[PDB]
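Have a look below at one chain only, the form deposited in one PDB entry, in structure tokens format.
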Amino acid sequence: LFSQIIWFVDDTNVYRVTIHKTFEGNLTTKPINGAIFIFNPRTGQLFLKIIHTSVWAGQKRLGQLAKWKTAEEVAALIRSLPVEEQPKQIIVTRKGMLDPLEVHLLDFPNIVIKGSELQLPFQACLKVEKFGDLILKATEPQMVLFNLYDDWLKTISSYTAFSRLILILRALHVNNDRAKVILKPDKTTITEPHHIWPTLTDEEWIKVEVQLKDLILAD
């Protein structure tokens, strides 16, 4: 990483449901909105493609179909971008995306597709209110741009930023409530409205990163 334009693509959160046991003792499954996370680790750019439940209208085996819908939407994004902004490599977080992406990207011979064993839980973002409410309340498909590194690259490298983000996402995934306490070291810690993450000093980030790492180790 950190050279070629690289995207991580996470399809985990595209097909989401709620399950409820009825008074009659049966389980009802109802789709709720999801999202594709498409992430550039060098710049911090996130394309968030909100997946409105209208897309499942008619359809069956929505779990499997979701992988194809993901590939469709990645291809669509690519075709909306100038060639200079298109990725050279796409790294899928889940191996089931490999074949749907290969087929949807046949017109893009420059683009290398591969899998990964990296733990990159974008699902944790569903716990960050900014994302979670936006996804919950959407009434139609849309794509929203974010910068997941806030102002960090002013003073740290992309490598350091990436590592910090992963620690944050993994910690949220393993223990949301404890990770949120670690990320709020003082009563006066705040997050700027256009930021994702808190405004912390260098010293405060050092402590945060060690505590996050420890939380992930404790699992």
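Think of the rigid core as the biggest set of C-alphas that the two forms share within 1.5 Å after superposition. So that there is no doubt, residue numbering starts at 1 and follows the sequence shown.
According to the record, 1 to 3 deposited residues between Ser3 and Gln4 are left without atomic coordinates.
As listed in the deposited structure, the average C-alpha B-factor of 9-17 and of 197-205 is greater for 197-205. Across the two stretches, 86-94 and 129-137, the PDB entry reports the greater mean Cα temperature factor for 129-137. As recorded in the entry, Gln59 carries the highest CA temperature factor of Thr160, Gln59, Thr70, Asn33. Per the PDB entry, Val55 shows the highest C-alpha temperature factor of the residues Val55, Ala171, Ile38, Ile156. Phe108: CA B factor lies in the highest third for its chain, per the PDB record.
Per the deposited record, the Cα B-factor of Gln119 falls in the middle third when ranked against the other modelled residues of its chain. When all modelled residues of the chain are sorted by CA temperature factor, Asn176 is found within the highest third. The PDB entry assigns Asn26 a C-alpha temperature factor belonging to the middle third of its chain's modelled residues. In the PDB entry, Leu48 places in the lowest third of its chain by CA B-factor.
Note that the form deposited in another entry isn't included here; everything after this is about it.
The Cα position of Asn26 differs by 2 Å or more between this form and the one not shown after fitting on the rigid core.
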